[PDB]
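Just the one chain here, laid out as structure tokens, in the form deposited in one PDB entry.
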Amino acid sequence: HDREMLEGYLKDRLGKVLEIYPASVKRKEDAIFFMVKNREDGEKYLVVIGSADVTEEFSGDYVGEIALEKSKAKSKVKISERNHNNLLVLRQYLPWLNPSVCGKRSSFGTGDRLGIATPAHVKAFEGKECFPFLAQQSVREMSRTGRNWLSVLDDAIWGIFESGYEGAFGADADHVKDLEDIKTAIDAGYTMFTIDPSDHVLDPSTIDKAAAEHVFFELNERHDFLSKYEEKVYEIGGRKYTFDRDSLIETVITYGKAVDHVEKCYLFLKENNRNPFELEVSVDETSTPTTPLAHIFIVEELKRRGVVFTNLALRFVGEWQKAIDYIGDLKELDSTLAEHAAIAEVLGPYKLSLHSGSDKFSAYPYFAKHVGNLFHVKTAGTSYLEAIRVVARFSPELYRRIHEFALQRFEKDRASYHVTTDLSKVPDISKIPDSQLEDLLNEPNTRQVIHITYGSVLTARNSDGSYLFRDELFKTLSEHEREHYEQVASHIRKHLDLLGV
């Protein structure tokens, strides 16, 4: 608890300058745990002080023996690498280092594509009335970063250990489509499962009438949607919603197989997951905004089938492009948000979930107004953009190289995402001095370019086979950690304030 003494002791016996994170220092059982950082290389290590019983479970090097006057028998001191086995043991000793279910209270997800931002995210959440999802990454993101459920969760939890936070947090398996991916997420101990059934969502206008009749027929013959919903009326939010036959048949053709897949996924979870879990159902990747009728159909179907969910991710009117503010008519956003909120109130209650909500500040007043008591917002890329901004500020040479590389790789990485980026409006880098490079991360189109080339930047390799930017990127962010943290935390805190929490 006296920091001099411990730093002195470690430097004397190990011959390295190891700096303790004061907030990380925990005392449980009769053991001490904390984290240190090597001033010279920026490597972090777990340090355990306690009996031989305790230190044996951890792997590592015995530094020496220390004299706590907690008693009089000398404690052992061990220095351990941050790996899976050591962190499993730690997670037993410090029980708060484990994801837990959020339930029906407002939450916010700070996904980390880099694996080093979680202390900053924890800073942002200080004193807020919000449940934090600190581990959140999608199947596609992990594909593009060479990561997995375990490595993502490990990165977040090491971050949490560094932070000293003891409150609750969640791990969100984002945009999972396959049972295989649900299975590995379960094995990793994730607490929320975001089901994406978009493979099974059908745009009726893309098939001919015979095909539509066939799809409707088979769904209907196994569920009888006609008997349950035809001509049914819902008086919600001072409005009347009627399932006329045509609206019903369209809605069934659009979402029927998707509801089946959501259910099958939920059953697999019930079968294979002993531990507590939540579910989010996502339908945000559709060609059109979700109609009120579709919202009602989906929710009533899930209740009939017994699929218990906490979050519903709708497609709202407008354009929700990555790295840029809301595009669209704010009055239509207001009115549809009123509708959807009213539906969620009478139908559930359930939390409406917003994907790609990062940086849509112009939309947040309406979001907070309609659902502020129960809501969820997902972010990830915005934190990566903040780290690139910090690179711009403290390593201009590196930002320049990344910038040009990002431009060359944008047409390739763009495909998967829908953006209307105007490449003509990306400023000329050659005309901007080093002292002002940072301001590029305030221009929309530049932001989109850097947002979307994250994979290429992070994984690109030389002819040699060495990483093109990865090593330097991580070294820079290590060297400017405090500024990195404060940058990212302030940006997330802005989001949280604007949401009324």
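C-alpha atoms forming the largest set that superposes within 1.5 Å between two forms make up the rigid core. The first residue of the shown sequence is 1; numbering continues from there.
Asks: Taking the recorded C-alpha temperature factors, which stretch has the higher mean, 284 to 292 or 377 to 385?
Replies: That would be 284 to 292.
Asks: Could you check the entry and say whether 415 to 423 or 102 to 110 has the higher mean CA B-factor?
Replies: According to the PDB entry, the answer is 415 to 423.
Asks: Of the choices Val36, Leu473, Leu68, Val457, which one's C-alpha carries the largest B-factor in the record?
Replies: Spelled out: the listed residue with the top C-alpha B-factor is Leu68.
Asks: Take the CA temperature factors straight from the PDB entry and tell me which of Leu150, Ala323, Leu314, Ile429 peaks.
Replies: Of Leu150, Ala323, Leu314, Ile429, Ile429 has the highest C-alpha B-factor.
Asks: Would you please rank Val307 by its C-alpha temperature factor against the other modelled residues of its chain and give the third it falls in: lowest, middle or highest?
Replies: Within its chain, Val307 is a lowest-third residue by C-alpha B-factor, going by the deposited values.
Asks: By its CA B factor, does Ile157 count among the lowest, middle or highest third of the modelled residues in the chain?
Replies: Its C-alpha B-factor belongs to the lowest third of this chain's values.
Asks: When the deposited Cα B-factors of this chain's modelled residues are ordered and cut into thirds, is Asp334 in the lowest, the middle or the highest one?
Replies: Highest third - that is where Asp334 ends up once the chain's C-alpha B-factors are sorted.
Asks: How does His480 rank on Cα B-factor within its chain, lowest, middle or highest third?
Replies: Middle third of the chain for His480's C-alpha B-factor.
Asks: Could you place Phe469 in the lowest, middle or highest third of its chain by Cα temperature factor, using the values in the record?
Replies: Its C-alpha B-factor belongs to the middle third of this chain's values.
Only in words, not in the display: the form deposited in another entry, which the text now covers.
Asks: Superpose on the rigid core and name the single residue from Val233, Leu423, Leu88, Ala211 whose Cα moves by 2 angstroms or more between this form and the one not shown.
Replies: C-alpha shift of at least 2 Å: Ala211.
Asks: Is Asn220 among the residues whose Cα moves by 2 Å or more between this form and the one not shown after superposition of the rigid core?
Replies: The answer is yes; the displacement is at least 2 Å.
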